[PDB]
Participant: 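A single structure is presented below for examination.
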Amino acid sequence: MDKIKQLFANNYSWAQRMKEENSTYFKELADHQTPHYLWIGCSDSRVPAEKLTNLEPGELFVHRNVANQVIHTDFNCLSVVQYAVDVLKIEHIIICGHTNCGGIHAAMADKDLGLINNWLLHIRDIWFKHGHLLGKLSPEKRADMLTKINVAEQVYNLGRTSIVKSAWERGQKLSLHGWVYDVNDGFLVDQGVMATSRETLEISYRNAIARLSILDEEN
Amino acid sequence: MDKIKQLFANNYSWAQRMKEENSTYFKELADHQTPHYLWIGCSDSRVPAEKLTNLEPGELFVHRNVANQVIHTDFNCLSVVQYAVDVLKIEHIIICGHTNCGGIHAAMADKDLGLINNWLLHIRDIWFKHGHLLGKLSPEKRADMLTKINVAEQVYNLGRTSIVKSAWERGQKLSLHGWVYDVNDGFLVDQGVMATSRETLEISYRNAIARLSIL
Amino acid sequence: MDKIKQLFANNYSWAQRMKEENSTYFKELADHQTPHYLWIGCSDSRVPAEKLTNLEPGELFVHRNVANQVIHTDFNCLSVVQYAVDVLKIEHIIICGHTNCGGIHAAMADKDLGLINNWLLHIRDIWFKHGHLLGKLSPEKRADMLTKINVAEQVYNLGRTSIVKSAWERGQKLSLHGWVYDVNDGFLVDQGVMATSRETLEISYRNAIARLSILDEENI
Amino acid sequence: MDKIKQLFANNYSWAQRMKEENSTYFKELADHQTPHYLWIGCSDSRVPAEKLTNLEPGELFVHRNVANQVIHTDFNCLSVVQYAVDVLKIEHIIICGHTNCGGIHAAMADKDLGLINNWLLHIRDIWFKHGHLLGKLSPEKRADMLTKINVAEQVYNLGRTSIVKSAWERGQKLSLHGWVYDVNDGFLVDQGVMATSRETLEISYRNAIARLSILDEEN
Ligand SMILES: [Zn+2]
Ligand SMILES: [Zn+2]
Ligand SMILES: [Zn+2]
Ligand SMILES: [Zn+2]
């Protein structure tokens with residue numbers, strides 16, 4: 001269409017600009033054949049992982065689903081994880097949520113959107129699991145809180161997969177991370193759950209939930 | 001692993017530069033609340049979609065899995081599609097493959113990599129479906145061709161989903177595209193399958209396979 | 001292997017011992033072509049459902065998975081449910097668990113069994129959801145308790161699917177049930193959740209959970 | 001609906017004429033703590049597997065889905081398979097289809113039935129793969145030919161899982177079976193694909209398809 005044509009046009013301009021600029025981008029990219037980080041983010045993709053981290057092209061192995069989830073039985077995401085860990089031997093997996101997430105808003109919404117609702121039912125279970133902390137919070141602020149709690153809960157799901165547990169068990173070096181960034185400042189903020197073993201997973205997980213449960217008198 | 005640290009050092013340096021330097025990047029980003037294109041790419045993510053298309057930040061709804069697949073029964077991908085079509089009202093779903101795809105290479109290698117092998121079995125089925133064509137090539141050239149055929153097949157699976165078919169049924173405007181770019185120059189290349197209805201899906205899909213089978 | 005040769009023998013025997021009688025089992029089946037109940041049970045399949053309900057053959061539509069679960073995002077079971085509801089128009093969906101369940105035991109066990117642990121992590125999430133309650137119970141009981149709670153939580157999951165909500169919402173006749181029979185008794189024990197609409201689902205689930213939270217003598 | 005009562009009734013009686021009868025059953029059934037067979041059948045479930053095999057109560061580990069499928073990426077069925085193999089040590093996995101199958105008919109009809117159609121696309125793919133054969137066949141015969149072909153294709157899929165390949169690889173005993181019974185007579189019939197290793201799967205699978213490709217006068 002109009003938009004598709006425009007897109008091919010931008011692509012051509014860019015691609016050839018590189019051609020002329022004798023740009024070494026693609027060659028650089030070719031130097032970093034194997035990625036070192038598995039980035040699991042949201043399909044909203046407000047601020048690209050490349051921009052947030054300014055890493056060298058090819059360093060990131062990416063997976064994106066609605067609301068950056070790691071569901072216990074999702075073959076898709078688990079496939080990406082097992083491949084990044086057992087094959088590419090990646091040592092850092094990073095789950096990253098973001099504020100003003102459509103996935104979060106849709107989950108909290110009472111409208112029944114169809115197939116996607118089922119996928120969002122996992123976020124709702126997370127919402128109620130922390131219903132007290134959240135309810136004890138002002139509406140306008142809950143979204144950002146569920147978004148932050150979501151990340152901690154997903155890092156916790158990743159760390160419990162048979163895949164990740166076996167990696168640690170057999171002495172492989174692997175650390176899980178969980179961050180969130182505000183779509184307005186672009187700053188990555190650690191949510192607290194950071195594991196390098198099942199032990200650190202449990203502790204950092206309890207610790208993060210405990211920290212998030214300590215509310216200021218601003219609600 | 002000073003990596004994570006160095007990683008946060010990069011983010012701070014970047015977001016800091018933006019603030020003090022007064023960058024309306026987040027201001028503009030905030031303008032485009034609803035995306036207009038669903039991009040289904042590969043987890044290898046060699047050349048970011050944002051770059052390949054040089055689009056305005058926020059315009060793309062993105063899904064990435066190993067080898068840019070649209071498996072008939074994948075709840076993950078189908079959910080992204082249903083939400084994007086039925087909820088965000090996106091009108092263009094773009095499946096994009098890429099040369100030198102590790103996913104495609106793993107599907108071809110005969111080694112048990114574990115869980116991921118089951119995910120790649122779908123690729124191996126596509127390989128057999130086009131075995132006559134692919135059998136004429138060397139392992140090397142076979143990989144480049146399977147990459148292109150894979151994209152065509154995925155577009156074909158996407159257009160066969162009940163989600164996309166019902167969108168066309170009630171008259172919603174929706175087009176499917178399947179492309180591939182070489183990791184060496186970044187030029188996006190149409191593979192031939194472009195649909196706006198079920199009938200056009202069948203026609204272009206057949207024509208595309210017919211065209212791809214000529215050496 | 002004799003097991004397969006033997007097994008095939010039984011079949012021939014059964015089948016022939018039917019053909020000679022000019023029996024009508026293969027007729028009293030082609031009449032009940034369309035089922036009226038969707039049975040969702042465990043892969044353990046201790047006491048068969050065709051025997052627990054003594055229903056005429058062909059009346060059940062069945063799906064079995066480890067520990068009878070209805071996971072929000074499981075395409076397999078949601079497909080069975082959707083096809084049951086929207087295409088077969090069946091009106092009753094039963095989620096029947098059973099006592100002394102490997103699934104439940106495996107979920108509670110600390111051992112890492114491989115792939116299946118991931119599927120069981122849903123049971124373990126349920127387990128912690130009711131951590132306090134279950135904690136108070138007596139070990140030899142905890143297992144059987146979770147079995148019961150699990151079924152409750154499964155009906156609630158089923159009731160929360162878009163497939164069932166849209167059914168009700170469009171005025172289609174459909175009820176959800178959740179029981180737990182015992183391998184010894186064989187008596188189907190209703191658990192409390194019996195949604196017929198989303199309002200029901202909420203109340204019954206709410207109560208069923210309240211009822212199970214009231215511990216008796218035995219359980220410490 | 002009194003159907004639940006009328007049904008709940010049959011249970012109190014049947015289960016009664018076992019207590020007030022000291023009928024072993026629950027006594028014996030309990031003796032078979034572990035099953036030796038994994039049965040993968042269609043949710044239709046015309047003739048139960050308990051009456052088809054006439055095995056001993058509790059011997060079967062069962063999984064049923066629409067049209068008895070083993071989809072490469074189905075977490076549900078792969079979990080049942082893996083558990084039965086790596087944990088229950090079952091050495092026999094049987095896939096059983098049946099004539100006049102709803103899943104097969106629905107898969108062959110153009111009618112978009114909703115979510116289920118996505119599940120059945122895997123069958124339509126099998127249909128296209130054997131399009132020439134099935135085409136040469138006769139209309140009122142296609143359904144049954146695809147039903148047999150389907151069982152063959154599923155055993156193949158099952159033999160190709162990493163779970164099974166690995167079981168074989170480490171020297172575990174395991175055979176795959178693919179049969180189909182006619183709802184009109186309950187006669188179990190081997191479709192030809194029987195495997196005890198990756199090598200027998202291949203030959204057995206190729207032979208079985210070759211045989212089915214042979215069409216008798218009555219299309
Ligand atoms: Zn988001
Ligand atoms: Zn790739
Ligand atoms: Zn069980
Ligand atoms: Zn069937």
Side-chain angles (χ1 to χ4, degrees), chain C residues 1 3-4 7-8 10-15 18-19 26 29-30 36-37 43-48 50-55 57-58 60-66 74-80 82-83 86-88 91-92 102 106 113-116 118-119 163 175 177 183-188, chain D residues 1 3-4 7-8 10-12 14-15 18-19 25-26 29-30 36-37 43-48 50-55 57-58 60-66 74-80 82-84 86-88 92 102 106 113-116 118-119 163 175 177 183-188:
Chain C
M1 263 295 210
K3 292 183 180 177
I4 296 299
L7 191 156
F8 254 103
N10 303 35
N11 186 251
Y12 194 66
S13 173
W14 173 78
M18 298 292 274
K19 180 185 174 183
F26 302 159
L29 171 155
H36 294 100
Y37 319 71
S43 287
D44 282 321
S45 184
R46 303 311 296 165
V47 188
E50 304 65 40
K51 176 154 291 185
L52 281 165
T53 70
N54 201 170
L55 297 171
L60 292 176
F61 196 57
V62 189
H63 174 66
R64 291 176 180 288
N65 63 59
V66 182
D74 172 29
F75 215 107
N76 187 323
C77 181
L78 287 225
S79 274
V80 177
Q82 188 275 314
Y83 178 77
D86 305 355
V87 177
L88 299 185
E91 304 171 7
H92 296 268
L113 306 171
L115 191 66
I116 186 78
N118 301 294
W119 171 269
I163 295 167
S175 39
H177 314 294
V183 288
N184 316 311
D185 306 347
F187 291 95
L188 295 172
Chain D
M1 181 78 106
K3 282 184 176 177
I4 276 44
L7 181 169
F8 237 120
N10 306 181
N11 188 258
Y12 192 79
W14 175 80
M18 244 86 256
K19 266 184 57 62
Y25 200 69
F26 311 95
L29 170 286
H36 294 123
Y37 308 82
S43 285
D44 283 323
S45 179
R46 308 305 297 168
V47 191
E50 288 69 28
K51 302 215 296 184
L52 287 172
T53 65
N54 194 177
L55 290 175
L60 297 170
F61 198 59
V62 188
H63 175 69
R64 288 180 181 286
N65 60 62
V66 178
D74 175 24
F75 221 103
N76 186 320
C77 180
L78 291 215
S79 286
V80 180
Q82 190 271 310
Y83 178 72
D86 298 7
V87 182
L88 301 178
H92 297 281
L113 314 176
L115 192 78
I116 184 68
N118 303 296
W119 179 266
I163 299 154
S175 51
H177 308 285
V183 288
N184 288 315
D185 65 22
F187 270 52
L188 288 177

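Below, chains carry the letters A, B, ... as their sequence lines are ordered, and counting in each starts from 1. Scope of the values below: all heavy atoms of this structure, side chains included, with no hydrogens, waters or symmetry mates.
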Participant: Tell me, side chain or backbone of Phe8(D) under 4.5 Å from chain C's heavy atoms, or both, or neither?
Facilitator: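 Contact with chain C: side chain only.
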Participant: Are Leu7(C) and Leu188(D) packed together at the side-chain level, in the sense that at least one heavy-atom pair is separated by less than 4.5 angstrom?
Facilitator: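 The answer is yes; the side chains approach within 4.5 Å.
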Participant: Rounded at 0.5 Å granularity, tell me how far NE2 in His92(C) sits from CE in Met1(D).
Facilitator: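 Separation between the atoms: 4.0 Å.
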Participant: With only heavy atoms counted, which part of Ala106(D) is less than 4.5 Å from chain C, the side chain, the backbone, both or neither?
Facilitator: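 Only the side chain of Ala106(D) comes within 4.5 Å of chain C.
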Participant: Pick one of side chain, backbone, both or neither for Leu55(C), based on which atoms fall under 4.5 Å of a heavy atom in chain D.
Facilitator: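 Only the side chain of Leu55(C) comes within 4.5 Å of chain D.
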Participant: Is a donor on one side and an acceptor on the other found under 3.5 Å between the side chain of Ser43(D) and the backbone of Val62(C)?
Facilitator: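 It does hold such a pair.
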Participant: Locate the shortest heavy-atom distance separating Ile4(D) from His177(C); write the atom from each residue and the value.
Facilitator: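 Reported closest heavy-atom pair: CG1-NE2, 3.5 Å.
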Participant: So do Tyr25(D) and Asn184(C) actually touch side chain to side chain, heavy atoms under 4.5 Å?
Facilitator: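 Not in contact.
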Participant: Given heavy-atom pairs under 4.5 angstrom as the criterion, report whether the side chain, backbone, both or neither of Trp119(D) touches chain C.
Facilitator: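 Both backbone and side chain.
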Participant: Any side-chain heavy atom of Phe75(C) within less than 4.5 Å of one from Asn65(D)?
Facilitator: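 The answer is no; the side chains never approach within 4.5 Å.
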Participant: Below 4.5 Å from any heavy atom of chain C, which atoms of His63(D) appear? Answer side chain, backbone, both or neither.
Facilitator: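 Both the backbone and the side chain of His63(D) come within 4.5 Å of chain C.
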Participant: Looking at CG of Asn10(D) and NZ of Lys51(C), how far apart are the two atoms once the value is rounded to the nearest 0.5 Å?
Facilitator: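 Rounded to the nearest 0.5 Å, the CG-NZ separation comes out at 14.0 Å.
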Participant: For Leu88(D), which atoms come within 4.5 Å of any heavy atom of chain C: side chain, backbone, both, or neither?
Facilitator: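 Looking at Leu88(D), nothing touches chain C.
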Participant: Measure the shortest side-chain to side-chain distance between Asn11(D) and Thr53(C) over non-hydrogen atoms and say whether it is less than 4.5 angstrom.
Facilitator: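 Counting from C-beta outward, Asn11(D) and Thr53(C) never come under 4.5 Å.
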Participant: With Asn76(C) as reference, evaluate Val66(D), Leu78(D), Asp74(D) under the side chain to side chain contact (heavy atoms under 4.5 Å, CB included) test and give the passing residue.
Facilitator: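 The single option meeting the side chain to side chain contact (heavy atoms under 4.5 Å, CB included) with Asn76(C) is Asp74(D).
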Participant: Could you tell me which portion of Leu29(D) (side chain, backbone, both or neither) has an atom closer than 4.5 angstrom to a non-hydrogen atom of chain C?
Facilitator: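 Interface part for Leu29(D): both.
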Participant: Counting only heavy atoms closer than 4.5 Å, note whether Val80(D) contacts chain C via side chain, backbone, both or neither.
Facilitator: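 Contact with chain C: backbone and side chain both.
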Participant: Counting heavy-atom pairs under 4.5 Å with chain D, which one of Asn54(C), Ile163(C), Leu60(C), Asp44(C) comes out on top?
Facilitator: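 Heavy-atom pair counts peak at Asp44(C).
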Participant: Around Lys19(D), counting heavy atoms of other residues, nucleotides and ligands shown, do more than 12 lie under 6.0 Å from its NZ?
Facilitator: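 Count not over threshold, so no.
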Participant: Centres of the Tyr12(C) and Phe187(D) rings: under 6.0 Å?
Facilitator: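 Yes.
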Participant: Go through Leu52(C), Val87(C), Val47(C) and name the one with the most non-hydrogen pairs under 4.5 angstrom from chain D.
Facilitator: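 Among the listed options, the one with the most contacts to chain D is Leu52(C).
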Participant: I'd like to check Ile116(C) versus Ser79(D) (side-chain heavy atoms, cut-off strictly below 4.5 Å). Are they in contact?
Facilitator: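 Yes, close enough: below the 4.5 Å cut-off.
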Participant: Considering non-hydrogen atoms only, spot the tightest contact between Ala15(D) and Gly186(C) and give its length.
Facilitator: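 In this case the closest contact between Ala15(D) and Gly186(C) is CB-O, 3.7 Å.
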Participant: Taking C-beta and beyond as the side chain, do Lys3(D) and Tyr37(C) meet within less than 4.5 Å on heavy atoms?
Facilitator: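 Heavy-atom side-chain distance check passes, below 4.5 Å.
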Participant: State, with a plain yes or no, whether a side-chain heavy atom of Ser45(C) is found less than 4.5 Å away from one of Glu50(D).
Facilitator: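 Result yes, sub-4.5 Å side-chain heavy-atom pair found.
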Participant: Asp185(D) versus chain C, heavy atoms under 4.5 Å apart: side chain, backbone, both or neither?
Facilitator: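 For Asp185(D), backbone and side chain are both near chain C.
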Participant: Does some side-chain heavy atom of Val183(C) sit less than 4.5 Å from a side-chain heavy atom of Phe26(D)?
Facilitator: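 The answer is no; the side chains never approach within 4.5 Å.
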